[PDB]
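# Geometric and topological summary
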Amino acid sequence: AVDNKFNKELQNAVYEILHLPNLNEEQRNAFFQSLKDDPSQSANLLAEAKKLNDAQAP
Amino acid sequence: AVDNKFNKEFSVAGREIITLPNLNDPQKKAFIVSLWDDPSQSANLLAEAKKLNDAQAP
C-alpha cells in the first residue's frame, strides 16, 4: 500500500493555476475544487487550465 | 457536521499573495502551500505576506 500524496504535482498545479492571468475567479475555483477532490489528476487539471487560460488570452 | 468551505478565501487571499510585487518565488510558493494546507488562516497569512512585501520594497 503505497501512500501517494502527489505533493509535487498538486502544489505546482495549485500555484500555477493561481498564477494564470486569464482565468476568472469561478474558473479558478472550479479547478481548485477538482484538485482538492482528486490530487492524482493534478497534471491533467493544470494542462486543462493552461488551455483555458490561452483560449481567454486578450 | 458544519462544512466550512474556504474556496473563496483561498482564491482571494491566494491571488493577493501571488501578486505582491516584492515577494520572491519561493516566498510566494511557501505562503501558498501554507494557505492551501490550512485555508482557515487566510487572514493571518495575507497579513504576514503583506508585511513581508513591504519590508522588501525597493
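The residue numbers you see begin from 1 on each chain and track the sequence as written, which may not match the entry, and residues missing coordinates are not shown. To read the labels, note that chains go from A and ligands from 1, taken in the order they are written. Only hydrogens and water are set aside; all other atoms, that is, all heavy atoms of the structure, feed into the side-chain values. Residues with missing side-chain atoms are left out of burial classes, side-chain pairs and their counts.

Determination of this PDB entry was carried out by X-ray crystallography to a resolution of 1.35 Å, according to the record.

As annotated in the PDB entry, chain B carries the name Affibody LL2.FIIV and is attributed to synthetic construct.

The name the PDB entry gives chain A is Immunoglobulin G-binding protein A, with Staphylococcus aureus as the organism.

### Let's talk about the packing of helix α1 (residues 7-19) of chain A against helix α2 (residues 25-37) of chain A
Relative orientation and spacing of two packed helices are given, respectively, by the angle between their axes and the distance between those axes. Residue and element names in this part refer to chain A. Our working rule: Every axis corresponds to a line fitted to the C-alpha atoms, with the helix fit spanning only the stretch in contact, and the corresponding angles, defined between N-to-C directions, vary from 0 to 180 degrees. Think of it this way: any DSSP run of H or I at least four residues long counts as a helix, any run of E at least two long counts as a strand, and we number them from the N terminus. For classification purposes, angles smaller than 35 degrees are called roughly parallel, those larger than 145 roughly antiparallel, those between 65 and 115 roughly perpendicular, and all remaining angles oblique. Contacts are assigned to residue pairs with any non-hydrogen atoms lying within 4.5 Å of each other. Each residue gets one label: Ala, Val, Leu, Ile, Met, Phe, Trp, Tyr, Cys and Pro are nonpolar, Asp, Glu, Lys and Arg are charged, and the others, such as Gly, are polar.
Two numbers describe how α1 lies on α2: the axes approach to 10 Å, and their chain directions differ by 175°. It follows that α1 is roughly antiparallel to α2 by the angle criterion. Of the residues in α2, those touching α1 at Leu-10, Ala-13, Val-14, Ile-17 and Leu-18 are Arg-28, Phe-31, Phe-32 and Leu-35. Along the lines of polarity and charge, the residues of the contact of α1 with α2 split into eight nonpolar, no polar and one charged.

### Looking at α2(A)
Side chains three or four residues apart in an α-helix point the same way, a direct result of the helix having 3.6 residues per turn. All names here are of chain A. Put simply, the test is: What a helix should span is 1.5 Å times the count of its residues minus one. Per-residue accessibility, obtained with a 1.4 Å probe over protein chains only, is compared with the maximum for each type, and a residue is labelled buried under 20%, exposed over 50%, and partly exposed between these values. Under the rule applied, a polar contact is a pair of N or O atoms within 3.5 Å (in protein, one hydrogen donor and one hydrogen acceptor; residues adjacent in sequence only if both atoms are side-chain atoms).
With 13 residues, α2 ought to run about 18 Å at 1.5 Å a step, and its terminal C-alpha atoms sit 18 Å apart, in line with that. Residues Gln-27, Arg-28, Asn-29, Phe-31, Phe-32 and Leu-35 constitute the buried set of α2. The backbone nitrogen of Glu-26 lies 3.0 Å from a side-chain oxygen of the residue at the head of α2, namely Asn-24.

### Observations concerning the packing of aromatic side chains
Two aromatic rings, taken as a pair, are described by how far apart their centres are and by the angle between their planes. The test is simple: Pairing of aromatic rings covers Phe, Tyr and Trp, the last through its six-membered ring, and needs centres within 6.5 Å; plane angles under 30 degrees mean stacked, over 60 mean edge-to-face, and all others mean tilted. Whether a charge sits over a ring depends on NZ of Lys or CZ of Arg being within 6 Å of the ring centre and within 35 degrees of the ring normal.
By the definition in use, this model includes three aromatic pairs over all chains. Ring geometry for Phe32(A) against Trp36(B): centres 6.2 Å apart, planes inclined by 65°, an arrangement best described as edge-to-face. Of this pair, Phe32(A) sits in helix α2 while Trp36(B) sits in helix α2 (residues 25-37), on two different chains. In this structure, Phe32(A) and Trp36(B) share a single accessibility class: buried. The buried category is assigned to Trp36(B), whose relative accessible area is 13%. Just above the ring of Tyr15(A) sits the side chain of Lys29(B); from NZ or CZ to the centre is 5.6 Å.

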